[PDB]
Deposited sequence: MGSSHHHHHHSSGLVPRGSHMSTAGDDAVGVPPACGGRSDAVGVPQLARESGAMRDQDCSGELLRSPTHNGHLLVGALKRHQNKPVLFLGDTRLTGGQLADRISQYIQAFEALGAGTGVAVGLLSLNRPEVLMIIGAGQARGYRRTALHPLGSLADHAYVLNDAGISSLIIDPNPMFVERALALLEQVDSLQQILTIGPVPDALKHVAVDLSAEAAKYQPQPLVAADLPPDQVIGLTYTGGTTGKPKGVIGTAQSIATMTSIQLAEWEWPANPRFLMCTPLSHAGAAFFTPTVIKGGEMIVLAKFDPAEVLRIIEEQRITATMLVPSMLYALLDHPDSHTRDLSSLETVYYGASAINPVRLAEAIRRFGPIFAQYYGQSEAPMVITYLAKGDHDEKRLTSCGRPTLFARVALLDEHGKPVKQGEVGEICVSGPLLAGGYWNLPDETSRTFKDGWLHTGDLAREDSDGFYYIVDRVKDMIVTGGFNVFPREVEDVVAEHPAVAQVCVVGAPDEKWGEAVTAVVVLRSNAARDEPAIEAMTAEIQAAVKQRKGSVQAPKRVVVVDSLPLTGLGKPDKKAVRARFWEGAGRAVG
């Protein structure tokens, strides 16, 4: 009766598609087996470097082929990972690392992150070693070790996924004008999110996914589902509207995830009128972000291929979902319809369900919920309370069931 975690699903999918290319990264095509072998080698390196099981490891990297190998290692064996934001502040990075007790920092060896690593070594006392994915820079010569080279020294072994408890903390998302709170990512929570993605989101058969967004933060969230459904993922390291539209035309991209900025840029590009983007079946996009009028323009120009998802860090990505066919003029301001795999309700100040039409607070209940806040019991008890996670988002509901996010409780 023991639940399977994300690692089980990922390892198995890579084995299922051992000869099928699952990753494309500029000049790096990896098949399922190729990726699995590299992930196994990375695991070996991690454990030998003292950045494996039982160790909190950080990640400050841009889109690289190795990022997904690191992610896969942490998925399989349940390494507690904390992703640092590329454009985050030193103070915030320090807080995050110190709070999570991060001992090793995997960085992309570019000048900016090299400087950050050095500075963090001073502030973060738990930070001992730096792992560089790529030849160690001379500024970090005495404090860093090429993790990629260590992995290459190791031998590809059969990839296995550690059987972890459902409540095993496998991640800490911090993400304000205040101290970042570490949302406890449990094995169960992530597995639930993935299951709902595959069960409710309109995933194209064999999704040809275009990842134009940070892998450090949303890689596993799309890669795992893509390859479970037998798909390929072309990851862009940079966003150039022309290039993106060209890739869709050439590689016949069926699925992608865009942010407001990306959508607007594509819309405004002259090549969007020229390139054939008929292959695009499902474009995922986030909640409370894309201007309704620009979204309408997009629907009129490229078809209703757009699908909105809404989630928090306490309830990752699948609270609500707006379908492509449900993208009507009225629902351009809607975040979507509540999931069935989790109990979602609009409650008032007293915690009683509001009437349909009234503005209430989105509240979620189910195993999608995260474990709480890292070493913050009071905040956990004030957010996850009375059998409900209190999102802090205010919303109303129409006669059909669509939630319309008005504001925040804070507001």
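- Note: segments 1-64, 240-241, 478-591 of the deposited sequence have no C-alpha coordinates in the structure.
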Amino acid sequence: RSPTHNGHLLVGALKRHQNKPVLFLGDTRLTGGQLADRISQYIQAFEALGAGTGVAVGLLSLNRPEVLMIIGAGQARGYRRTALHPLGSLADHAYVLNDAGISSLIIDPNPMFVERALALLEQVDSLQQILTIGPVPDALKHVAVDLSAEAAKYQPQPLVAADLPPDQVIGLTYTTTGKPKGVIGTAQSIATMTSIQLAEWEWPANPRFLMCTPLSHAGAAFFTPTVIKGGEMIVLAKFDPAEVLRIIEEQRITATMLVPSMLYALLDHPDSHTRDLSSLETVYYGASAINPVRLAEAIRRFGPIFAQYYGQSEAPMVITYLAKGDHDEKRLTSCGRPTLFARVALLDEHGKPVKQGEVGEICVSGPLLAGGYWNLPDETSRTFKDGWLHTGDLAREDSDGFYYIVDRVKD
From here on, numbers count along this sequence of modelled residues.
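- Averaged over Cα atoms, the B-factor as recorded in the entry is higher for 159-167 than for the other of 93-101 and 159-167.
- For the two regions 289-297 and 197-205, the entry's Cα B-factors average higher over 289-297.
- Of the candidates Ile234, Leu84, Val244, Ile184, the deposited coordinates give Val244 the top C-alpha B factor.
- When the modelled residues of the chain are ordered by their C-alpha B factor, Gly357 lands in the lowest third.
- For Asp108, the recorded CA B-factor ranks within the middle third of the chain. Only modelled residues enter the ranking.
- When all modelled residues of the chain are sorted by CA temperature factor, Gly26 is found within the highest third.
- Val409: CA B factor lies in the highest third for its chain, per the PDB record.
- Ranked by Cα temperature factor within the chain, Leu10 sits in the middle third according to the deposited record.
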